[PDB]
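Undergrad: The structure under discussion is supplied below as structure tokens; questions concerning it will follow.
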There are 6 protein chains.
Amino acid sequence: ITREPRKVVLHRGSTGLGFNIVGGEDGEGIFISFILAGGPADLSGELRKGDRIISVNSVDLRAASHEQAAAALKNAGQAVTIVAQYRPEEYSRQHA
Amino acid sequence: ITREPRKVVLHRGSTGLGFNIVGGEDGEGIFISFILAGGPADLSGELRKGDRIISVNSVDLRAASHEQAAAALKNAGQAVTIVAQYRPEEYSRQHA
Amino acid sequence: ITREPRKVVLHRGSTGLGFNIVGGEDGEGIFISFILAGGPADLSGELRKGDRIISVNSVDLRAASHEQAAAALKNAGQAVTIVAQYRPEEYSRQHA
Amino acid sequence: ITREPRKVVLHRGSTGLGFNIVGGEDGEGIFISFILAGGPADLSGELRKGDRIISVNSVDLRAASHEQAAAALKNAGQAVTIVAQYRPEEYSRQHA
Amino acid sequence: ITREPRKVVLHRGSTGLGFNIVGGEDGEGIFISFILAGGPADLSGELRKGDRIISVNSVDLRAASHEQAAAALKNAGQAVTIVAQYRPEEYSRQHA
Amino acid sequence: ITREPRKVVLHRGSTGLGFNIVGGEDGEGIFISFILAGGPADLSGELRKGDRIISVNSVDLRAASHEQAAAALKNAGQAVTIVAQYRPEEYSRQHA
């Protein structure tokens, strides 16, 4: 609910973090379009649809491309530190 | 490599299918933007980045919205039948 | 919703089937007390809280003890064929 | 073997903790009826059949109902702190 | 127990099959040195320590090198058809 | 790349660590023959083929037998502390 950036630490035993990302087309930012039930993201209970990913393990994804967001997530290791900012209006305005 | 629709059956024991989807913004179609290592999609070896999802278990996703694509995948059960069509040019043209 | 026995086939890559069982104390039957999100049971969408397990791979669990129900499930292999019968009244009447 | 409460921290990447719970019918307490091979509970090696769950992440489950025990576990996040007390006699006396 | 080749079909949602392999050094054959609890191999209940892998999805591994055995398993897809032959004497004679 | 021992902490929610081990035949040491995609080992990005396992949670595996290496790994719990030393020459010299 907070519009202030949040730090969320997710742990994974396999590649999946439990969410799907969109954006990164032309510097509009990377957003979480949906959370998968039972996965790390779901279990934490902090990440949601509409969240924008500011960074993943220090790597700045604000003006990142989808390909970069994907690479950052892929190499985040088992403990993934996501800084997300809940901004639905923008998500809608840009994707829905 | 084939541009003809392919039927791909993925099996899952948890919510994840092993890929990330984009599109579904304004009827441009749903595409696989990236495959996750070790997941069902990766293991099958048929699905790839650039693939467009024509349908998931009969449900037509050609002109579906991201929200619908997500719901179809969510309720596909354990055996998910995807009909994908490899069209990179369009993926680029529309997302990259 | 049907009170007639249903055959449900769940597939697992690990020990978990995605549900929790109670009963088997004094021949009252084995019941599913809760479904876990993302697991096989959840994904199938057929099994629910209140369901009574008639059998698991031919093994009759009607008048089974909790210990037997556990052993049947443990050795069901990867393809587990459950015959469940939805009877909430009895579940309540006996456990809640 | 100790009858003194033990703190056990289990980590999960999916909903499952690796054990099955019974009780919570009429304030007799929540007990672990069986451990699943390969799951978090099994891997830790501390939790066993006969253990009574005093609490899960501060939430007191002593006189909890099965429904509450289930909700506590469901929302425990990825790091689940269980305080269990090994009391087989009571488990038998009440369930077996 | 049978010394006659057996066909065993394992299903996986992730890379792991649930067993560890040795051999393939100098054409002595590939053997299963240990089974992991809860994994596909364990769940099937057919594969055991001492088993020699004749083939994996038609690919003949009799005189295969460890590197080839690894590649065959890696690309077996989700349904892996193993033809194993239980020969402990040889396993000992060659590895233990 | 470093030939100096490295401490690598892997986390698992199931029995699998994400790698396959060989050796332990006649005190030549235990080595990682291959890494599985998506598993803990792969995700960490530190362990590789050719690595020799000096210890797993203090348990010295230098002159361990395959059976001991297997037992150490089996009981390492969820947080597994591996001290590996990258020595390919020896791996080749002894296995390939």
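Scheme for the structure tokens: letters A, B, ... for chains in order shown; per-chain residue numbers from 1; ligand numbers from 1 in order shown.
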Once you count only C-alpha atoms, which residues of chain C turn out to be within 7 Å of chain E? Could you give them as a VMD selection string?
TA: chain C and resid 13 to 15 77 to 78
Undergrad: So that I can check the secondary structure, give me every residue of chain C assigned strand (DSSP E) by backbone DSSP, as a ChimeraX atom specification.
TA: /C:6-11,19-23,30-35,51-56,59-60,79-86
Undergrad: Taking 6 positions as the minimum chain separation for residues in the same chain, which residues sit within 8 Å of residue D:28 when counting only C-alpha atoms? Answer as a list in words.
TA: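 Result of the neighbour search: residues 62, 63 and 94 of chain D.
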Undergrad: Quick one: distance from atom CA of residue A:29 to atom CA of residue B:65 in Å, one decimal?
TA: 19.7 Å
